[PDB]
Amino acid sequence: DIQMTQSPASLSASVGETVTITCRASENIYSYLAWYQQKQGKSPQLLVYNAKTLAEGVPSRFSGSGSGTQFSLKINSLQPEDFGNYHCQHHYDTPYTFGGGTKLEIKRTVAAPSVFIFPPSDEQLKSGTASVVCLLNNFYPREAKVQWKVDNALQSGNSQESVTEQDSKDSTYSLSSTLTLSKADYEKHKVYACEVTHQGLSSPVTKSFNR
Amino acid sequence: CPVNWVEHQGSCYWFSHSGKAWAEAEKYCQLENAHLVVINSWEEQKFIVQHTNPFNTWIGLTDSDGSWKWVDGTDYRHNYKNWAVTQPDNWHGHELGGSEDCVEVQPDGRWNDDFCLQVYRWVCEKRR
Amino acid sequence: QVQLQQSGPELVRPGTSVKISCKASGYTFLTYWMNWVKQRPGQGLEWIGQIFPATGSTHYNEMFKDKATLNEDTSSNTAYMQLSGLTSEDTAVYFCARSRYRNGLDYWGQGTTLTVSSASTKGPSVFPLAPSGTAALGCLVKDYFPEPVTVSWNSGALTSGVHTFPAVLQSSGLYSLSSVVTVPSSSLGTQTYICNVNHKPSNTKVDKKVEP
Ligand SMILES: [Ca+2]
Ligand SMILES: [Ca+2]
Ligand SMILES: [Ca+2]
Ligand SMILES: [Cl-]
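Residue numbers (my numbering), protein chains in the order written: chain D, 38 to 248; chain C, 2 to 129; chain L, 5 to 216.
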């Protein structure tokens, strides 16, 4: 049963650049390899089959190569419609298997997040739950880490986060991290801090409050 | 290939979804300017059974005239074969023929000689 | 033109069974494989199996042998996939896709979203994220089911600097999200900011004013 491994998991590039993504099969699949493009919220579209054959209507800037176990999809001079997710799939003996996908992401300049913290509302407290929100706004690249501290005790398992897609105007990300407590434990402690690490900062940033 | 045939590696194939006796199946293929499928290789064998599983399916191989012959003249003795173990065994019968003289592909792809009056699915094959 | 039209979204409870259809047009339905593919939220693709309508021959990924059953209605050019014993791990988008033997999936349906959940319809609680050069404020839209909610600001008059986050599925089976907007902090005394939250499955409509 064939394992397909794609790399890199994510690739940042600009229009007009050339990129190569690769796929490795765990055993010989000869030239029986397809590449798909998938835009967010849409169905995949075949780009390449038999490792190097372009599907109908696919632009010539796409180029597939390889046979055996190592394959590559190269996009010459990327266009704005090329950003999205790319998937490889062997089409040798059934069952077919797919790679884990590669996100082709829009490169832009490094931008450290603006960080904001939000205490629970009075309304929410009156229901017995307390959500503390940390907002990391308009940052790039995507990698970011939020550490929640409650009276200097670092937290785990009581928080969830969500990240937007790249902004349509400026290609940044924003991230929301929510720490959820009951009202009881919430006023069992005083200082609420989210500590933010992002590679565009020169040290961790902490926004905090108490009450 | 013509409409409703499957193109594969320079051949066109037509897969039935109903059954005929072997000679009726071969006659049907000839009227399509074709023959019952002649399996020339492992790769073609795999292609055929991917599509025919899990029904016994006639192919163009028969010993009706006294020895194994492919319907298109392909040499049998020297070429690709995929007999199930202990096949062909020429089993003797009555109602569906005196002896097993026509070849079907089993669900596992292996070949079995069977009675020529069995009503099985078939595959036609002709060059593109 | 080749087109594969899938049935609409499904929202069902665990332990049930659902049938997804894929109607093919613009080619000879009988001579191509119809494949089914699964894609869980944020994940890669998984091949479920395929059927060859001319013969009904089927081939499955063994991981789905107990889960999916494929069949075909030749008279209507329609392929079906039955998914049974459903659990939340079956929540995913499912695609049908055409292929020839040992060839790629060259045309795809639009996808069918399947949500499996024992959660009941429930409207969101909307809580302010109160602000205190650039100020951020927002609305926490908590504990609703199912997706989606819509959020606007000042009835759609305020779009710049708005970020509405993808919902997160909480351990309760309910979703939560937040919507934030950055504004000049000099506008906080004067300008009123209202998030408009609509959850049509529960007929919930909230206009929450977000005050400093
Ligand atoms: Ca042949
Ligand atoms: Ca015989
Ligand atoms: Ca026999
Ligand atoms: Cl008799």
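Idealized CB from N, CA, C, for every residue including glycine.
If you compare alpha carbons, which of L:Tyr148, L:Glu93, L:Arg106, L:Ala101 is closest to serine 124 of chain L? If you number the third sequence from 1, residue 124 of chain L lands on position 120. Selected option, being the one with the closest Cα: L:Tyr148.
Near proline 156 of chain D, which residues of its chain fall below 8 Å by C-beta distance, leaving aside the five closest residues on each side in sequence? By one-based count along the first sequence, residue 156 of chain D stands at place 119. So the list reads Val169, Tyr229, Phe246, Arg248, once near-sequence residues are dropped.
Buried/exposed call for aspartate 90 of chain C, threshold 16 Cβ in 10 Å: Counted from its first residue, the second sequence places residue 90 of chain C at position 89. With fewer than 16 Cβ atoms within 10 Å of its Cβ, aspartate 90 of chain C is classed as exposed.
So the beta strand (DSSP E) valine 187 of chain D belongs to, where does it begin and stop? Counted from its first residue, the first sequence places residue 187 of chain D at position 150. Where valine 187 of chain D is concerned, the enclosing beta strand (DSSP E) stretches over 182-187.
Nearest-angstrom Cα distance between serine 183 of chain L and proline 57 of chain L? Residue numbering aside, residue 183 of chain L sits at position 179 when the third sequence is read from its first letter. Residue numbering aside, residue 57 of chain L sits at position 53 when the third sequence is read from its first letter. Straight-line Cα distance between these residues: approximately 47 Å.
For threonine 32 of chain L, go through chain C and note every residue whose CB falls closer than 7 Å to its CB, in chain order. In the third sequence, counting from the first residue as 1, residue 32 of chain L sits at position 28. Simply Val4, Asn5.
Just confirm the distance between the C-beta atoms of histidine 203 of chain L and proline 128 of chain L, as a whole number of angstroms; I'd bet it's less than 8 Å. Working through the third sequence from its first residue, we reach residue 203 of chain L at position 199. Working through the third sequence from its first residue, we reach residue 128 of chain L at position 124. Sure, about 5 Å apart at Cβ, within 8 Å.
Following a CB-centred definition, is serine 68 of chain C positioned closer than 7 Å to any heavy atom of ligand 2? Residue numbering aside, residue 68 of chain C sits at position 67 when the second sequence is read from its first letter. No, Cβ of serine 68 of chain C sits at least 7 Å from all heavy atoms of ligand 2.
Span of the beta strand (DSSP E), counted from its first residue to its last, around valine 124 of chain C: Locating residue 124 of chain C in the second sequence gives position 123, counting from the first residue. Where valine 124 of chain C is concerned, the enclosing beta strand (DSSP E) stretches over 122-128.
Counting only beta-carbon separations shorter than 8 Å, does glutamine 51 of chain C have a partner in chain L? Taking the first residue of the second sequence as position 1, residue 51 of chain C is located at position 50. At least one chain L Cβ lies under 8 Å of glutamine 51 of chain C.
If we define contact as Cβ-Cβ less than 8 Å, is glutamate 180 of chain D a contact residue for chain B? Going by chain labels, chain B is absent from the structure shown, which instead holds the protein chains D, C and L.
Can a CB atom of chain D be found closer than 8 Å to the CB of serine 92 of chain L? Start at 1 with the first residue of the third sequence, and residue 92 of chain L comes out as number 88. Judged by the 8 Å Cβ criterion, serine 92 of chain L is not in contact with chain D.
Heavy atom of ligand 2 less than 7 Å from the Cβ of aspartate 64 of chain C, yes or no? Reading the second sequence from its first residue, position 63 is the one you call residue 64 of chain C. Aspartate 64 of chain C: yes, Cβ under 7 Å from ligand 2.
Using only the alpha-carbon positions, how far apart do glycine 78 of chain D and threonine 168 of chain L sit? Residue mapping note: residue 78 of chain D aligns to position 41 of the first sequence, counting from 1. Residue mapping note: residue 168 of chain L aligns to position 164 of the third sequence, counting from 1. If you take the alpha carbons of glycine 78 of chain D and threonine 168 of chain L, they lie about 16 Å apart.
How many whole angstroms separate the CB atoms of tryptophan 92 of chain C and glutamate 105 of chain C, which I take to be in contact at a CB cut-off of 8 Å? To locate residue 92 of chain C, count along the second sequence from 1; it is residue 91. To locate residue 105 of chain C, count along the second sequence from 1; it is residue 104. 13 Å between Cβ atoms; not a contact.
Does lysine 213 of chain L pass the burial test, meaning 16 or more other C-beta atoms within 10 Å, or should it be called exposed? Within the third sequence, the letter at position 209 stands for residue 213 of chain L. Exposed, since its Cβ has fewer than 16 Cβ neighbours within 10 Å.
Using a Cβ distance threshold of 8 Å, determine whether the stretch 30-37 of chain L contacts the stretch 103-110 of chain L, with at least three qualifying pairs required. yes
Our contact map puts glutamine 75 of chain D next to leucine 84 of chain D with C-beta atoms below 8 Å; I'd like the distance itself, whole angstroms only. As a position in the first sequence, residue 75 of chain D is number 38, starting the count at 1. As a position in the first sequence, residue 84 of chain D is number 47, starting the count at 1. 10 Å between Cβ atoms; not a contact.
Is there contact here, the stretch 168-179 of chain L with the stretch 195-203 of chain D, by at least three beta-carbon pairs under 8 Å? yes
Cβ of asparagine 41 of chain C less than 8 Å from any chain L Cβ? Within the second sequence, residue 41 of chain C is the residue found at index 40, counting from 1. With 8 Å as the cut-off, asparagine 41 of chain C does not count as an interface residue toward chain L.
Beta-carbon proximity list for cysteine 125 of chain C, same chain, < 6 Å, skipping 5 on both sides: Taking the second sequence and counting its residues from 1, one reaches residue 125 of chain C at position 124. Answer for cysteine 125 of chain C: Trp15, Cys30, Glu33, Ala35, listed in chain order.
Using a Cβ cut-off of 7 Å, pull out every chain D residue sitting near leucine 133 of chain L, in sequence order please. The sequence position of residue 133 of chain L within the third sequence is 129, counting from 1. Residues of chain D passing the Cβ test: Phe155, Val170.
Closer than 7 Å: is that where the CB of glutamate 101 of chain C sits relative to any heavy atom of ligand 5? This structure does not include ligand 5; its bound ligands are ligand 1, ligand 2, ligand 3 and ligand 4.
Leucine 15 of chain L to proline 205 of chain L, Cα distance in whole Å? Position 11 of the third sequence, counting from 1, holds the residue named residue 15 of chain L. Position 201 of the third sequence, counting from 1, holds the residue named residue 205 of chain L. For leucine 15 of chain L and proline 205 of chain L, the distance between alpha carbons rounds to 12 Å.
What do you reckon, is the C-beta of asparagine 113 of chain C under 7 Å from a heavy atom of ligand 3? One-based indexing of the second sequence puts residue 113 of chain C at position 112. At least one heavy atom of ligand 3 is nearer than 7 Å to the Cβ of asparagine 113 of chain C, so yes.
Going by DSSP, what residues sit across from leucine 172 of chain D in a beta bridge? Walking along the first sequence from the start, residue 172 of chain D turns up at place 135. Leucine 172 of chain D pairs with D:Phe153, D:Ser213.
With a threshold of 7 Å, establish whether the CB of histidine 93 of chain C neighbours any heavy atom of ligand 4. Against the second sequence, residue 93 of chain C aligns to sequence position 92. The answer is no for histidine 93 of chain C.
Is there contact between the stretch 173-181 of chain D and the stretch 155-162 of chain L, where contact requires at least three CB pairs shorter than 8 Å? no
From the beta carbon of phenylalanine 16 of chain C, is the nearest beta carbon of chain L less than 8 Å away? Counting from 1 along the second sequence, the entry for residue 16 of chain C is found at position 15. Taking Cβ atoms only, chain L reaches closer than 8 Å to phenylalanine 16 of chain C, which makes this a yes.
Listed in chain order, which residues of the stretch 128-143 of chain D have Cβ atoms closer than 9 Å to some Cβ of chain L? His128, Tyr129, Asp130, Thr131, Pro132, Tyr133, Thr134, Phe135, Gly136, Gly137, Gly138
Quick check on the DSSP output: what are the complete beta strand (DSSP E) runs of length 3 or more inside the stretch 24-101 of chain L, in order along the chain? 37-43, 49-56, 61-64, 72-77, 82-87
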